[PDB]
Every structure is written in structure tokens, then in C-alpha cells.
Amino acid sequence: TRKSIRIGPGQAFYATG
Amino acid sequence: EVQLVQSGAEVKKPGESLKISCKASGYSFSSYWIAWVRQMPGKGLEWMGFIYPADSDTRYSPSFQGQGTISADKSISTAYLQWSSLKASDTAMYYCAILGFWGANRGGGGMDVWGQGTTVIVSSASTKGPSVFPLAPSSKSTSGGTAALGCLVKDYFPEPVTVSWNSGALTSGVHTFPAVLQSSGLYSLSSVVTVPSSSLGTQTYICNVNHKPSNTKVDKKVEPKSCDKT
Amino acid sequence: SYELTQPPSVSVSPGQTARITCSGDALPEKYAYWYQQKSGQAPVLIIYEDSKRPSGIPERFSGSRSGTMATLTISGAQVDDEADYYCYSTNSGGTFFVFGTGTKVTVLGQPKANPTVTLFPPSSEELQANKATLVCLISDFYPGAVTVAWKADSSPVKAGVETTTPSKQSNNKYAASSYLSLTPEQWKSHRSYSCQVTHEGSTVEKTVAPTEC
């Protein structure tokens, strides 16, 4: 996925999957 | 070369609409989030929101929701920020930036490619040349030190003005200060030169003020005060 | 809404270590990022995911995060490291990013210098234009911070004051200016106006009067 954003350990920015 | 190029400086009035642009090149525009950052004069960075150009997924911080619309046109690799009704408080530098372009920051939240910024001024003021007032050197004798003399360049809009002395023939001791902005919406600044207090009654001092946006030029001679019995 | 707190001012001498903190209640689970912004320039990413430097960023910049605090450390501070530094992170819900309030890092690269102060009264020409401006010009000071207070007949005046932030001169000392805006009536009715400039341990005061020359 190119849209996903890592924002913390084991966590992505909301709805970026 | 990976690059974001922003549109040019803008001066607008409250109530007017404005759309500023961020042109991407050198990479796949659809695949990276583009963010917009506001910086009001002398203040900190504020994250307004961002957009993923592939599907135009757009998010705003709560205080910026409805305060400026972010969009993108991937057919010309351009992201936008726009207002339908500008406010004076929209006065700011605006940056666009790509998220996660380089190295292990890819897939991450670091903004690592930045546009050069777009300055936006929103003001109810209309264009106006300055009034130039002489700032007369003190009457006091110095034995034999210096005196400060200058020109007050008052109530102009927009920036900038340039100032010179004796048609550029006087440079040492010359000091031109940055502008202040009054609640009237007009700017003022001062330019001062420090000279031998002995040369007062002798030398001629003339400030040359140029305000291009209003096509105004003013030359003003600055002499000792009348009450100055020298 | 979510905010990240930073001290506004940190000062160091060249070669010393500067530490810049960033605090927020979502930081225990969210990465911190750091941006450097020099005067006149766009921000630059210097740290991402707490501790990682992009290539080209000098190793003297390091970062960490623990609980509600993230820290940017500048070891062996250089004169060119003087800049604003902003932390950056998401809220706990991961629905927006925010910048910290910013820390100005001052690197003391020259000796202290006290300001020269010049105060001009309104010209009779300006008075005739139905306006009045006292102009207080401040120059050759270091470091780049001063406080300006205006007085009328020895009482504090706050209305009508506009002061510029310090700006770097060619000689690397600083300048600033402060304006007191009055009606010609106010100017003529008082007997003294003073501009008082404070810097470190020095106060410089200049005074003008409508009835004196």
C-alpha cells in the first residue's frame, strides 16, 4: 500500500489502508 | 528532480476569492499525500490538512475544517488551496509539502519535500504611496560627535519601499529599518543616517524614497530644526 | 484540540549541547518528528519517527521519545544551527497532524552588545498633516532581543504603540524600531514622552518634549 501512513508503533493514520 | 513549485505572491481584499497552486514534478503525483501548512507573519507552523491525489481523500485539522478547501488535479499534477471569501486573518505564508518521499521515511509521516511558499496578504487597504517626513537632527552640540537624522516613510501599501540618501552618494552611517504595520492597514518605516554633528549646517541631506507598487518617488531634504540655533 | 507544548526559547554557546522538549498526552503511542526552520526559509525535516535522521542531516542532531515527551538534542551546537525548531505528531485518534508551538534556539556567536537608541519627536510637517509619530530607533544590540516601554509625563503608555521584532543587521548585531502614534492634540498637551529600551542589564532611555527643542 502506498497510501498508508505510519503514525506510531503498530498504528496507521485513520482510514489510509 | 523531485520538486513542488508554488504560485506567486498574492494581495487581496477581504471577501474576495483566491486559489493558490502547488505544481508537482519528477515523481508519481498520485502516490504521495500533499499537505498544506500555514504560517502567519512571525508565528508558528500550522498543519491545515492534506490530500491523497489518487482518490482525492482529503483531511483537515478541526480548526481548519471549512477554512480553506484543499483539492488536486492529478491530470496536471497540481494540488490547490482556495478560499471563496478571504479574511484578513488569512494573511500568511502557505507551504505545500510531500509526505514520506525519501528513504525509510517512505510510508511515514515526515514531510520531506517542500514548496517554496506562497505569500498571501489579505487587507482592506488600497495601494497608496507614502508621505515622507523629515526626522530633524538634534539641536544639541556634541564636541564633536555625531547626530542622527532621517526620514519617516509613512502610511504606504503594499510593501516594499526602497530608500537611499543623496542619490546613493551617501551610504556609510545609513540605516533603514524594517516596516511596521498599523491597525489602519498601512505600513511605515524609517531610514536614519548618522553623520558628524559638525557637518550639519554644511552638508546637504536628501532621502530618496521609491514606492514601486504606487509608482511614487519622493525626494526630501532633511535640515536642522528651526528652534535649533546651531 | 490536541496541542504539543515546547519551551519558546533555548540558548547555547557554540560547542554546547542544546535540548528541545515537546510534550503532549498522545505522544506515548505516536511518533514525534522534528523540523528546523531558518529565518527566511521553508522548514526542513531533520528527525522522523522519534530518532531517525534523513540523509544529509548532520549526526549532531538526535531525537528520542518517552511517555508524554519527545526531545531533540543538538550536540556541539554550531552558529548555523540557530533556527526555529518545531516538533510534530498526530492526535491520539490519528485523524490529524499538529505542530508544536516552536522553540527558538539561539546560538551565542558573538559578544553581548548594548543598543544605541535614537528618539525623534513628530515633525511640524507631520503635525500639519493632522498626525503625530514618535519614532524610537534601536540598533547594534546582541543578542537579538529587547523590550520597549513608552511613557507620557512619566506614566506608561500602551495604546498607539507598534514595535518591530529584532532584525539582523549586516554586522550581525540586531536592530529594532518602535512607533508611538498620537493625535497632534495629545502631543501638544503633554510635556514629556520617553522611549525606554531594556536589554539584559542595561536600560537606555530617551525623552522628547513638545515645548523643548
# chains A, B, ... in the order shown; residues from 1 in each chain; ligands from 1
$ closest_atom_pairs --of "chain A" --to "chain B" --cutoff "8 Å" --atoms "only C-alpha atoms" --output "JSON lines"
{"residue": "A:2", "atom": "CA", "partner": "B:31", "partner_atom": "CA", "distance": 6.1}
{"residue": "A:3", "atom": "CA", "partner": "B:31", "partner_atom": "CA", "distance": 6.8}
{"residue": "A:4", "atom": "CA", "partner": "B:107", "partner_atom": "CA", "distance": 6.3}
{"residue": "A:5", "atom": "CA", "partner": "B:108", "partner_atom": "CA", "distance": 5.0}
{"residue": "A:6", "atom": "CA", "partner": "B:108", "partner_atom": "CA", "distance": 4.8}
{"residue": "A:7", "atom": "CA", "partner": "B:109", "partner_atom": "CA", "distance": 6.4}
$ write_last_selection --atoms "N, CA and C atoms" --output "tab-separated table (two decimals), in the first residue's frame"
chain	number	residue	atom	x	y	z
A	2	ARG	N	0.58	2.18	-0.91
A	2	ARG	CA	1.33	3.42	-0.95
A	2	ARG	C	0.63	4.54	-0.18
A	3	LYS	N	-0.64	4.32	0.16
A	3	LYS	CA	-1.45	5.35	0.81
A	3	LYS	C	-1.26	5.38	2.32
A	4	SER	N	-0.94	4.22	2.88
A	4	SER	CA	-0.86	4.07	4.33
A	4	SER	C	0.22	4.96	4.95
A	5	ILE	N	-0.06	5.51	6.12
A	5	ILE	CA	0.91	6.35	6.83
A	5	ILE	C	1.16	5.81	8.22
A	6	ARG	N	2.40	5.46	8.52
A	6	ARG	CA	2.75	5.02	9.87
A	6	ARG	C	2.72	6.25	10.79
A	7	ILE	N	2.05	6.15	11.93
A	7	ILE	CA	1.96	7.30	12.83
A	7	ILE	C	2.45	6.96	14.23
$ interface_residues --of "chain C" --to "chain B" --cutoff "6 Å" --atoms "only C-alpha atoms" --output "ChimeraX atom specification"
/C:45,48,96,98,164
$ write_last_selection --atoms "C-alpha atoms" --output "compact mmCIF listing (two decimals), in the first residue's frame"
# COMPACT_ATOMS: atom_id res chain seq x y z
CA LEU C 45 12.65 17.65 8.17
CA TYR C 48 11.33 11.41 11.81
CA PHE C 96 -4.80 14.92 12.07
CA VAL C 98 -0.20 19.14 14.61
CA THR C 164 9.09 45.56 15.15
$ select_by_dssp --residues "segment 55-138 of chain B" --states "strand (DSSP E)" --output "MDAnalysis selection string"
chainID B and resid 57:60 69:73 78:83 92:99 111:114 118:122 131:135
$ atom_distance --atom1 "atom CA of residue 14 of chain A" --atom2 "atom CA of residue 5 of chain C"
23.4 Å
$ atom_distance --atom1 "atom CA of residue 16 of chain B" --atom2 "atom CA of residue 187 of chain B"
21.7 Å
$ select_by_dssp --residues "segment 11-208 of chain B" --states "helix (DSSP H, G or I)" --output "list in words"
residues 29, 30, 31, 74, 75, 76, 88, 89, 90, 103, 104, 105, 197, 198 and 199 of chain B
